[PDB]
Amino acid sequence: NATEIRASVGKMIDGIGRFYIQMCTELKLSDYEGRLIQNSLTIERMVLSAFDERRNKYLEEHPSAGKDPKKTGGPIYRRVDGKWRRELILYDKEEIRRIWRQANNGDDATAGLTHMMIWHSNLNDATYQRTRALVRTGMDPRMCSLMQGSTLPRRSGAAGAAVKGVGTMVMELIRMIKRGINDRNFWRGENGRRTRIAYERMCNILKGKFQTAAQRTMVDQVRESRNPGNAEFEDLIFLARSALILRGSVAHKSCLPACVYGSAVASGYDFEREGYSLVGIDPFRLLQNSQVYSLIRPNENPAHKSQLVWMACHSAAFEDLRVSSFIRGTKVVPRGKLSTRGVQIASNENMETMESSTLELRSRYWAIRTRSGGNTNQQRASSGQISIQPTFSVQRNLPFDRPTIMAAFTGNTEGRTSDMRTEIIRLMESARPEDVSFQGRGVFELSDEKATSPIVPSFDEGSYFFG
Amino acid sequence: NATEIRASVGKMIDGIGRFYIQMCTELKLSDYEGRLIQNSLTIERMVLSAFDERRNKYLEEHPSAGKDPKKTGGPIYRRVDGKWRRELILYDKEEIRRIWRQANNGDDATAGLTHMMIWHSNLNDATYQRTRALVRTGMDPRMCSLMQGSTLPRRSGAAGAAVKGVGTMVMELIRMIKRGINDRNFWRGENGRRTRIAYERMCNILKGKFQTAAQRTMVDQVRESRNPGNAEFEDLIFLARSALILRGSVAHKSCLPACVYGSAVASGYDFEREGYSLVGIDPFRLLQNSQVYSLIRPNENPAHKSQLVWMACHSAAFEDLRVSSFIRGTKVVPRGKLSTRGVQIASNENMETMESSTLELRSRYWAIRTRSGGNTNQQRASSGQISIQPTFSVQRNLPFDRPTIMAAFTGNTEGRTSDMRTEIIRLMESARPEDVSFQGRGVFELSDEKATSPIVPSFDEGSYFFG
Amino acid sequence: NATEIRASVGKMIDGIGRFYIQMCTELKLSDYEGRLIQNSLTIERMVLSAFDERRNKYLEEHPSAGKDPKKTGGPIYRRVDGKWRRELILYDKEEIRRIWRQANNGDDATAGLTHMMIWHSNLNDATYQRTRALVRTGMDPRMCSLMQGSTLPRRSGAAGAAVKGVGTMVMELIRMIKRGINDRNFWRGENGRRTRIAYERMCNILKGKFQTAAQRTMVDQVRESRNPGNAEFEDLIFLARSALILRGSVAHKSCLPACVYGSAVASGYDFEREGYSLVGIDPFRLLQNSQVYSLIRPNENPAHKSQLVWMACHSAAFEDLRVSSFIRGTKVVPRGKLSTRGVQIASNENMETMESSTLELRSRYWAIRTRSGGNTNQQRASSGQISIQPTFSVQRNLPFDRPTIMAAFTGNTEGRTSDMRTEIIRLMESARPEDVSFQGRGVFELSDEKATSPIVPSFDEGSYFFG
Amino acid sequence: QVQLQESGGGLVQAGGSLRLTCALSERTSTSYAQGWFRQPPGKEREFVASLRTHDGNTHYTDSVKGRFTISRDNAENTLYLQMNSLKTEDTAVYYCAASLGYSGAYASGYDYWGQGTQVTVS
Amino acid sequence: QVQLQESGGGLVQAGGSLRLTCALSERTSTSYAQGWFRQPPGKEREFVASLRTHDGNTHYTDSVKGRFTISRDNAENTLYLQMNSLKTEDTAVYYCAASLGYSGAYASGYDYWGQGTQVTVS
Amino acid sequence: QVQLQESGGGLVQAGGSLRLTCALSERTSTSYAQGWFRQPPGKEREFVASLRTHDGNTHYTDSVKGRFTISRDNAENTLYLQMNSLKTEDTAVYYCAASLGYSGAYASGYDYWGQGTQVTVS
């Protein structure tokens, strides 16, 4: 029964929509300024900052030197005549709270909040690869493929925890193991008893990501440590590096900016009755009739801006550039050749040279967003003996399966997880780059609502979005 | 001078023999029922349970709910007319004690007890590969080749400790390291001071098993730990896995059921004067004129039963199936194709369908049972320098033995045993499955008492008894 | 400006020279006995023992059973008629102190003392490979290439610390880590606070030796340990073994015995005005007009003695035998074929068979002594992603750079330095024995004062001085 | 000291009948079971029939079910194998087996044997 | 509902001059900017000129600097492209573009287009 | 400034005898030892005899033991090499060596040399 959850998601999107319309009225924005994605980012950020009860509770008692805690704000980009003018606006957090509740039938409706947070995620992942956090946390800058949802707060519920990657969970746990190595934070203090439950929970999510037995059991051996040290540190890093080949199940949900949902609701679309699903065709559909602008710096390429926002809308930040180009019809260029910077406009840029342009968020085909991490297919699990212990003194060779035994000694370690390491390594030795996953799955035409006819593409350039 | 020890072993076997005759009189068994190997197992088990002073001392103060500690018992399989009837018998432990002493000139004569224990061992090793104990203890189920004497108690003296394998010693030490990781059992308590001597002793036996220097020195580095943890755990497991290629010296003694010795003594054979040796031809000889029956389930193959009992009598549970087939003349089939279960009959099986058959315990040839673990032949031990430290600024290549240096980095570890690991790995890299051991040693005809003419066989199926 | 330091070194050498002349007068040695290198070793040893304030301060309160602490001594080899006679002489330490000061304008002038210590070093390195210290300290006897300055005291300043090798620093730190594993020497006691500064200093010198980033950062991770254990032990050993391929910057200074400088000063050479440099041609020059004798045992080859002393004068103890043979013009034979023992004559040898011979310390060409350790040229440092996290469910292969990822798992470890180990291993995989270093650098004729025309040699036997 | 003499074999035609007789030694007359095996040309020895003594139950192979009937004589120590509806597949050499404790298909469980009697069914 | 009709193209000779005219729809008359692109034979569409409205600034490509001048009519909604010192390189198809917010070289920033008018300069 | 002039060489036949003389410079007359080396055709320079001064001991090679006798003159500074039972193996060039401290087989230990005198024993 998909109509129930489809109707719930639809009600969420309608909440965000009516909310964004009401907000566009509160500011009194033109039809163009309301479709500018920058102002949409400012609005969404204001809503997430207003409902940020942990941040507000930690900012009331200890205020940031910037501004009073009761008020949140952000730059709104307005255009009179032809000139762009950026104005800094401030609104009470309680006011934005009230407007959000009124737009969602009076409920808190945190689901839409987490939706906008995941949208912020996909945009941030598609915009910046955080090499600084990876080198400071002790990880490889070449592991950004696993860094989905790094900007997400741990406050995001199961909906936000599902979209995170293996590397994000590894990093988040590594901050906890590395924090407890300086002082006794795992101590018997109430902070320690609660932090142990946080740690075990995050270990369970990381265990849920992996789809091979060895990885899961290794995570189980990491969680057994009452006081994790450098050993569990290097263990979690080992798991993360294993997630490059033996990948984990990471959810991908197509989350759009609030101006798209708002323009759809303003046009009369009722998402409760019609239904909506992030993994279905609907987002693609909504993007084909979507009219969204974006501010553009002087020498930037508006097509590259459109590609950046497009990748942000389908979580394809770490996808194969070939298959993304096949979905969109136009070439999806890697980040190194993108003649653009972040969609966000800096606080020091002058609006005298700033312009705007239409965003080409359309795609030729469409495809089902997946939760899987591909085909991992290995479990020899032989229980047969492999060496001979001789009893009689007879001239013969003493047989043994040399490949298996000798392969059991590579990657050994003087810790409880040693075995698993070996197995993981062994499993990673069986996988090759050309191992095809998603057998039979293809792309579909936009007029194909029910995925009746797939299109399996044949590929000849580079596949990595980052260098 | 072999006549002394030959006469001692002969006196042991005569003790077991006269004892089994006296016992067959106490029960009043027919000549057929006394040659049934099941009843022999019941008798031997009763004797070992009676002289089990640690078990009886731990069962008098804390009784098992089953039966009173002063009495031991077991099922005796009797056959009237044509029907088999299984009766449960109970006898006082002191009575069996007295009968054993009377059969062995009034002495305790624990040597025969340990002999029957080793017979129970070879039968149990040939019948079950304990995958459960290997996975629970943290070992590989594919290491049963090293699991000789797993069922043996640690109470068995040097005679029983010699027949144990490397994997059995590793597992027995692993229970001790893993027990001390939960509580302070190595503490200053008298239990700890005694347990340290047990631990050092077992480490010395394990050191005696290995026949390569690196393995021995690594065991020495493991024993240095006053409080062993996970490091010594993974170390001992590493040694066990190394014992698959660089095998250790494990003794193999041909131990027969008490009904064979008893039927030989009843026929008038005097083993003190004639002599007996477990490694010599004598067991084979005694099996050629041995008439032994065994209960058989309906659909079982009596030939496979005969093969199971035959492998039990020569410790060839983990031998090359090719060479065992060459010794016996008939094909020794692996456990997977054995149309049989354990020789022991379960407590819930009905005797209405149970039958019996003769055991073909004869062999075409015979061979000397060995204590060695094959040819391990590596000690480069070069002391020459391998890198050049340049002094003059001249255009040249800076030579270094790349294979040796680069091979010294594989299998490294952050513990005291690191080096040895590497060396062991390196040594295991030199050995190949076709490396022939026991050069010049062959099999002999049964009419060849003094091993004058060997027969070196040439082999073409599978060699592993377990899968 | 090289004239300043050249003049300072010249003043040092003149100090040693005038001192050795004055000493040859104090003993009243003939022109032959003063040029015997053995007596020179005795003299230099007396001077170093006199100025040994830590040894004298530890020997006054606790005297060695041999002799009184105020007096140092050594064997002087005198020859009347034709017979050699060895006499044991004793002189006050304060007297030798006074004579040294008087020879160096009244100053302590420890620079010359450290010079003679480095000469003793190069001789000892060229004479003995200390396999005993390497096996007792836990190192490989095949690492003597890194053992420059093992006999040097840690008292030697930066001048002596620069000539030490990576293996010497590793061993010296290993004595400190291994000393603190028995008792609490790193404890809060003043000994511990001072010893921590010694440890950090030596770690910084070892860091200065390496010329690759990974090695340096690994040393940094070793120094972070407040209480080093077996982990830091195996780490330092790992660094030492890495110094065989990825070598470190080790200084090499041509230090001559005091009889050479003394004979040059006695001939009228003024080294302050003319200048002197250990890395320059001057030592070679001074050796071409040097007339030095050496005692020789009966069956010894005087040419091999000359080769030993020659290697001692240019630190070429661990050099390529090919290039040393090219510098000297005659074949530099490895230690195994040297028909000689140490230059030092034992205390139990009879002088009735002892003779002497001239030392051929000349060379065909000359070359600049270097501080570098060759060409280490690797820093890929790619920040590009290497795995694909799929979002759409489409039939395709999930690409990944298998060589890089799989190579990142070799040599892993459960400690903070794991990563670096891997990288070091990876770097060592790129280097090959035929990798040419010192591109364009060649040897020069003796009449070439300013290194105008180099001679790059072409090589066809063995290159290792030790086996 | 051969323990079982077997007779009655010969040459018949398809659809006919034959009766094989196995004289039993005194050791064999009082045994757990006695049966009949056949050896076809170029094939291993296969099971035919088996008769237990203390109770009268018998075991037959699938090829001869209904056609064959292994019987025993009362007041004499003689084994009988009644062979009706004879077929070319029955052409073999028939051995008489007896076991001290096994009544079963496998040849291995029987401890005494005869020397055959030919049955050729042309 | 094509939004821009362009005219004035044809056939001239090198060194001559031409004047392209672009009729502007009511949506297009009041827009952020409007420009001119050219498509040479077998080449991708390249930029020529761009005229902003609120201020009068213009952008030109390096090939036509000085020679071309993009102007606009007052009291009428018509765009003009003055083409002087015409060269063989100028042979292309000239499209009229207009953008709701972009005044720039890239073709992507303009949201409405015409159907060309040929300029062949033989 | 050559330090040793050697003479007495020439051409003899097998079984004959010869006497080589080495004039000694004043530096060489008072030295630790002086000896005789030979260079066969196409072979390296090999040892023949050695005479020490302070005591009179001598060293000989195995090929000339008994046949040769290295002597020294009293009241003159002249070295002598007495060569009896001459053989074809003795054909070589004979150099006069002297060492400030070495009395030994190796050529390396001697610090002054002559220019040879031929001995051909045909």
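- Judging from the entry metadata, X-ray crystallography is the method by which this structure was determined, and 3.231 Å is the reported resolution.

- Identification of chain D as NP-specific inhibitory VHH from Vicugna pacos is taken from the PDB entry.

- Chain A goes by Nucleoprotein in the PDB entry, where it is assigned to Influenza A virus.
- Looking at chain A in UniProt, the text filed under Sequence similarities (unreviewed entry) is "Belongs to the influenza viruses nucleoprotein family."
- Quoted verbatim from the Subunit (unreviewed entry) field of the UniProt record, the comment on chain A reads "Homomultimerizes to form the nucleocapsid. May bind host exportin-1/XPO1. Binds to viral genomic RNA. Protein-RNA contacts are mediated by a combination of electrostatic interactions between positively charged residues and the phosphate backbone and planar interactions between aromatic side chains and bases."

**A short note on the packing of aromatic side chains**
Residue and element names in this part refer to chain C.
Move 1: This structure, assessed with the given rule, holds 60 aromatic pairs over all chains.
Move 2: Ring centres of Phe271 and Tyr276 lie 5.5 Å apart, and the angle between their planes is 85°; this geometry places the pair in the edge-to-face category.
Move 3: Classification of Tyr276 as buried rests on a relative accessible area of 1%.
Move 4: With centroids separated by 6.4 Å and ring planes inclined at 75°, the aromatic side chains of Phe326 and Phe459 adopt a geometry described as edge-to-face. Taken together, the residues span a long stretch of sequence, with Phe326 in helix α17 (residues 321–328) and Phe459 in the segment after β8 (444–445) at a distance of 133 residues.

**Some details on the packing of helix α9 (residues 166–179) of chain A against helix α10 (residues 190–209) of chain A**
Residue and element names in this part refer to chain A.
Move 1: Interhelical geometry of α9 versus α10 gives an angle of 155° and a closest axis separation of 10 Å. With respect to each other, α9 and α10 are oriented roughly antiparallel. Considering how the two elements wind past one another, α9 and α10 form a crossing that is left-handed. Across the interface between the two elements, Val166, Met169, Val170, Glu172, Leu173, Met176 and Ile177 from α9 touch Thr195, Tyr199, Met202, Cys203, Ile205, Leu206 and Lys209 from α10.

**Re the pattern of salt bridges**
Move 1: Across all of its chains, the model carries 96 salt bridges over all chains by this definition.
Move 2: One salt bridge in this structure joins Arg223(B) and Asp220(B), with 3.6 Å as the shortest N-O distance. Linking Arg223(B) with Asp220(B), this pair stays in helix α11 (residues 213–223), spanning 3 residues, or about one helical turn.
Move 3: Taking relative accessible area as the criterion, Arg223(B) reaches 27% and is therefore assigned partly exposed.
Move 4: Three or more residues are tied together by salt bridges with common partners; here these are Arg297(A), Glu300(A), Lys305(A) and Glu349(A).

**Thoughts on the relation of the copies chain B and chain C**
Move 1: With an RMSD of 0.0 Å, the operation that places chain B on chain C is a rotation of 120° combined with a shift of 0.0 Å along the axis. Here the transformation between the copies is reduced to the relation of a three-fold axis.
Move 2: A distinct binding surface is used by each copy, with only 9% of the interface residues of chain B retained as interface residues in chain C.

**Quick word on a positive patch on the surface**
Residue and element names in this part refer to chain A.
Move 1: A contiguous patch of positive charge on the surface is contributed by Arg132, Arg136, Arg175, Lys178 and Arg179.
Move 2: Looking at the positive patch, the elements that each hand over two or more residues are α7 (131–137) and α9.
Move 3: When residues of the positive patch are assigned to their parent elements, the largest contribution, 3 residues, is made by α9.
Move 4: Examined against the element boundaries, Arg132 turns out to sit in helix α7.

**Some words on the interface of chain B and chain C**
Move 1: Facing 33 residues of chain B, the contacting portion of chain C comprises 69 residues.
Move 2: Where chain B packs against chain C, one counts 3 salt bridges.
Move 3: For the salt bridge of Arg241(C) with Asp419(B), the shortest nitrogen-to-oxygen distance reads 3.6 Å.
Move 4: Where chain B touches chain C, the interface holds 26 residue pairs in polar contact.
Move 5: At the level of elements, β6 (396–397), α18 (402–407) and α19 (418–430) of chain B are the ones that each hand at least two residues to the side of chain B that touches chain C.
Move 6: For the side of chain B that touches chain C, the residue count by class is 12 nonpolar, 15 polar and 6 charged.
Move 7: Both β6(B) and strand β7 (residues 436–437) of chain C contribute to a ladder of 2 bridges, which runs antiparallel.

**Brief notes about the interface of chain C and chain A**
Move 1: The partner chain A presents 69 residues to the 33 residues of chain C that form the contact.
Move 2: Regarding the contact of chain C and chain A, the summed buried area is about 4600 Å², with carbon and sulfur atoms giving 56% of it.
Move 3: Of all residues in chain C, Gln389(C), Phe392(C) and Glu414(C) give up the largest surface area on contact with chain A, accounting jointly for 19% of the area buried on that side.
Move 4: Where chain C packs against chain A, one counts 3 salt bridges.
Move 5: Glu319(A) is the partner of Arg396(C) in a salt bridge, and the nearest nitrogen-oxygen pair spans 3.0 Å.
Move 6: Here chain C and chain A share 26 residue pairs in polar contact between them.
Move 7: For the side of chain C that touches chain A, the elements supplying multiple residues, two or more each, are β6 (396–397), α18 (402–407) and α19 (418–430) of chain C.
Move 8: Class assignment for the residues of the side of chain C that touches chain A results in 12 nonpolar, 15 polar and 6 charged.

**With respect to the arrangement of the chains**
Move 1: For the non-touching pair chain A and chain D, the nearest C-alpha separation works out to 27 Å.
Move 2: Contact between chain A and chain F is absent, and the least distance between their C-alpha atoms amounts to 54 Å.

**Quick word on the sheet that holds strand β3 (residues 18–24) of chain D**
Residues and elements named next belong to chain D.
Move 1: Taken together, the 4 strands give an open sheet; going across it, the order is β1-β3-β8-β7, and neighbouring strands pair in antiparallel fashion. Since the sheet does not close on itself, it has two edges, and those belong to β1 (4–7) and β7 (68–72), each with one partner. In this sheet, neighbouring strand axes are inclined to one another by 15° on average, regardless of whether the strands run parallel or antiparallel.
Move 2: Summarising the sheet, β1 and β3 pair through 4 bridges and their orientation is antiparallel.

**Here's the deal with the side chain of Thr28(F)**
Move 1: Structurally, the position occupied by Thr28(F) is in helix α1 (residues 26–29).
Move 2: For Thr28(F), the residues in contact, after removing those within four places along its chain, are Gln3(F), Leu4(F), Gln34(F), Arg72(F) and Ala98(F).

**Quick word on the sheet that holds strand β8 (residues 78–83) of chain F**
Residues and elements named next belong to chain F.
Move 1: Spatial ordering of the open sheet is given by β1-β3-β8-β7, a layout of 4 strands whose pairing is antiparallel. Each edge of the sheet is formed by a strand with only one pairing partner; in this case those strands are β1 (4–7) and β7 (68–72). The average undirected angle you get between the axes of adjacent strands in this sheet is 15°.
Move 2: As paired elements, strand β3 (residues 18–24) and β8 share 6 bridges and run antiparallel to each other. By the bridge assignment for β8, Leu18 is matched with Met83.

**Some points on the packing of helix α16 (residues 302–312) of chain A against helix α17 (residues 321–328) of chain A**
Residue and element names in this part refer to chain A.
Move 1: At a minimum axis separation of 13 Å, α16 and α17 run at an interaxial angle of 105°. Taken together, the axes of α16 and α17 lie roughly perpendicular to each other. From α16, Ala303, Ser306, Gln307 and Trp310 reach across to α17, where they touch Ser324, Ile327 and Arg328.
Move 2: Taken together, the residues that form the contact of α16 with α17 break down as 3 nonpolar, 3 polar and 1 charged.

**Some remarks on the nonpolar core**
Residue and element names in this part refer to chain A.
Move 1: By size, the foremost hydrophobic cluster in this structure holds 78 residues, and its most contacted members are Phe19 and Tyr276.
Move 2: Here the element with the most residues in this core is helix α1 (residues 3–27); it accounts for 9 residues.
Move 3: In contact with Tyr276, other than residues within four places in its own chain, are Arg6, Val9, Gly10, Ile13, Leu256, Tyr261, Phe271, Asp282, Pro283 and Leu286.

**Some remarks on the environment of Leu88(A)**
All names here are of chain A.
Move 1: Mapped onto the elements of the fold, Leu88 is located in strand β2 (residues 83–92).
Move 2: Relative accessible area serves as the criterion here: at 66%, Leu88 is assigned to the exposed category.
Move 3: Once you skip the residues sitting within four places of it in the chain, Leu88 turns out to touch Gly74 and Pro75.

**Notes on α17(C)**
Move 1: Of all the 8 residues making up α17(C), 7 are buried; the element is thus mostly covered by neighbouring parts of the structure.
Move 2: Of all the residues in α17(C), the buried ones are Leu321(C), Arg322(C), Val323(C), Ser324(C), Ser325(C), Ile327(C) and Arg328(C).
Move 3: If you follow the buried residues of α17(C), they end up packed against β6 of chain B together with α15 (282–288), α16 (302–313) and β5 (365–366) of chain C.
Move 4: N-cap assignment for α17(C): the residue whose side-chain oxygen lies 3.0 Å from the backbone N of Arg322(C) is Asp320(C).
Move 5: Phi for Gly329(C), located one or two positions after α17(C), is positive at around 85°.

**Description of the pairing of β7(D)**
Residues and elements named next belong to chain D.
Move 1: One ladder, built from 5 bridges, connects β7 with strand β8 (residues 78–83); its direction is antiparallel. Across the sheet, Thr69 pairs through a bridge with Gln82, a residue of β8.
Move 2: The turn joining β7 and β8, which pair antiparallel and follow one another in sequence, is formed by 5 residues; a positive phi near 75° is taken by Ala75.

Reading the values: rules and limits
Residues numbered from 1 in each chain as written, not as in the entry; some residues may be left out. Chains lettered and ligands numbered in written order. Heavy atoms only, no water. Residues with missing side-chain atoms left out of burial classes, pairs and counts. UniProt positions renumbered as here; feature names shortened; annotations may be inferred. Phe/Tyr/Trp six-rings, centres within 6.5 Å; stacked < 30°, edge-to-face > 60°. Buried < 20%, exposed > 50% of the residue type's maximum accessible area, 1.4 Å probe, protein only. Helix = DSSP H or I, 4+ residues; strand = E, 2+ residues; numbered from the N terminus. Axes fitted to C-alpha atoms, helices over the stretch in contact; angles between N-to-C directions. Parallel < 35°, antiparallel > 145°, perpendicular 65-115°, else oblique. Left-handed = near helix turned anticlockwise from the far one by under 90°. Contact = heavy atoms within 4.5 Å. Salt bridge = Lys/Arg side-chain N within 4 Å of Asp/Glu carboxyl O. Least-squares fit on C-alpha atoms. Patch = residues over 30% accessible without salt bridge, like charges linked within 9 Å, V, L, I, M, F, W, Y side chains within 5 Å. Areas by Shrake-Rupley, 256 points an atom, 1.4 Å probe, with all protein chains shown as cover. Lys, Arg positive; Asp, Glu negative; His and termini not counted. Charge placed at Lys NZ, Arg CZ, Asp CG, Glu CD. Polar contact = N/O pair within 3.5 Å; in protein donor to acceptor, adjacent residues only side chain to side chain. Nonpolar A, V, L, I, M, F, W, Y, C, P; charged D, E, K, R; others polar. Pairing = 2+ DSSP bridges. Buried area = accessible area lost by both parts, 1.4 Å probe. Core = buried A, V, L, I, M, F, W, Y, C linked by side-chain atoms within 4.5 Å.

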